[PDB]
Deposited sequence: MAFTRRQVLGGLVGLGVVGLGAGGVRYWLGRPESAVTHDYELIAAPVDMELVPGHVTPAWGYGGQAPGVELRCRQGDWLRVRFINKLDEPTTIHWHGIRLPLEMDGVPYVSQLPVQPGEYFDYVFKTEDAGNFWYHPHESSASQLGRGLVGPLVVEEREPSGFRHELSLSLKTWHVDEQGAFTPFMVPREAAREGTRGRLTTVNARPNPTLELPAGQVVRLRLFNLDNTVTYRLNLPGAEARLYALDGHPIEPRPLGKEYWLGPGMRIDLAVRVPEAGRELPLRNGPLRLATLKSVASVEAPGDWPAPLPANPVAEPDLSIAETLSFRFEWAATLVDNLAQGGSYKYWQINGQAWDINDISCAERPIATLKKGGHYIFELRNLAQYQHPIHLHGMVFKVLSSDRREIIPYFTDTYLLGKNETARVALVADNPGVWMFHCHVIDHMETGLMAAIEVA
């Protein structure tokens, strides 16, 4: 009748030698940054005793999980900030398998910037045919050449593509070599845990197939040339590991993020897995849907429908829209700028229909990377009652105005 995955998760200072010979005074979940991997299994309860051992308030928002509003981790909408030395018990069922993540939703640029980000895997209820998996958490740290943090908001940058760090890491390490077994198909779980970077992921040489995007399965498709992994996006990238001693570079454009060294296995080469089964998300019914149009765009640099978010007041009470529970809606997402925005909706999963620019194979996701001057159409069932944040996931833009709240009732 119930399975529960218990975790005690502590946010606390972590000193990290990101730049050899230098201390970076980071903040981490479970003694590391990126934070410890949380695992659950689809259909089961995830129970996390979150304990704040930072010197300021924080919450944990569970990016991509359709959970009840009480557990969304948004200060003053979900809960009260968790104060230093206090705890909060996040309990919710994970009905969607795949790759999610977690991070604060309080002092976000700073707290995410300093390390408060982690991967969450919801295992499929039935065994995927994957024999091997590897989790890759990308983060581009705003630290200078001596390990010190640079500002997480720099206005000139917040009005552009966002405040970009300098030091790219995969699982806290600049450009690691990850060993994988030869001949085998490996599910690489790729998490962009960065505040601002879009990694133009490419893996030259290897046969690589996309199996899921932002925690939701697709008809598997070759990687091809590149995949633009925006902040807070994830993919499962199944890779045929080449014969032993080969070394493939996972890249952000021409830059190596990581190297995948094919190691000798005695295991038989296994076949490509079947498509991951769809998560139980409410099919939007286009013929019955109603459209809402949204216009994008140390103070207000970005606007939603002419409304800046003030990340300093409790203005989640004047919601940009009010959806009926069980209602089917189309969101037209209009980027009225030369700046891309990874636009994210809490609480709910939307299906990407079409774009101005891109040809779309329709898929479900909590985030759409909204290109420069792009108009994309996106559809959802207003499944989950509450007040859900709707924002660009470049943490700078979210903090300098690019956020709104959508009330489901």
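Visitor: Could you spell out the stretches of the deposited sequence that were left without C-alpha coordinates, going in sequence order?
Guide: According to the deposited record, C-alpha coordinates are absent for 1-33, 331-344, which together make up the missing parts.
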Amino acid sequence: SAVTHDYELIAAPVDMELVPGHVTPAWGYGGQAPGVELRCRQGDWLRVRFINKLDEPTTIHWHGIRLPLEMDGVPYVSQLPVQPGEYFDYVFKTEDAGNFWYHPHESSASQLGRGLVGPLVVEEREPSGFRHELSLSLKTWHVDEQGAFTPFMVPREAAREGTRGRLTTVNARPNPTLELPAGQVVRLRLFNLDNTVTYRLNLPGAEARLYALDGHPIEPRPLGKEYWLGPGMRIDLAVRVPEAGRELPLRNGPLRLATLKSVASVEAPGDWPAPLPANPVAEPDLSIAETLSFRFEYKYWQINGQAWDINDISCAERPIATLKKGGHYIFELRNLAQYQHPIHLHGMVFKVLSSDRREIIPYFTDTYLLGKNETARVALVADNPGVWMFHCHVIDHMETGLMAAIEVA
From here on, numbers count along this sequence of modelled residues.
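Visitor: Decide which of the stretches 286-294 and 179-187 has the higher mean C-alpha B-factor, going by the entry.
Guide: The entry gives the higher C-alpha B-factor average to 286-294.
Visitor: Between 352-360 and 337-345, name whichever shows the higher mean Cα B factor according to the PDB entry.
Guide: So the stretch with the higher mean C-alpha B-factor is 352-360.
Visitor: Among the candidates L134, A268, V239, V117, give the one with the maximum CA B-factor reported in the record.
Guide: When the deposited C-alpha B-factors of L134, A268, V239, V117 are compared, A268 is largest.
Visitor: Out of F331, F92, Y102, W228, which residue has the highest Cα temperature factor in the PDB record?
Guide: Among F331, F92, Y102, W228, the PDB entry lists the largest C-alpha B-factor for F331.
Visitor: Using the B-factors in the PDB entry, rank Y211's C-alpha atom against the chain and give the third, lowest, middle or highest.
Guide: Tercile = lowest for this residue's CA B-factor.
Visitor: State the tercile, meaning the lowest, middle or highest third, of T58 with respect to the CA B-factors recorded for its chain.
Guide: CA B-factor rank for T58: lowest third.
Visitor: Lowest, middle or highest third: where is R221 by Cα B-factor in its chain?
Guide: Middle third by C-alpha B-factor.
Visitor: Going by the recorded CA B-factors, say which third of the chain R47 sits in, lowest, middle or highest.
Guide: It belongs to the lowest third of the chain when residues are ordered by C-alpha B-factor.
Visitor: Is the Cα B-factor recorded for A258 in the lowest, middle or highest third of its chain?
Guide: Within its chain, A258 is a middle-third residue by C-alpha B-factor, going by the deposited values.
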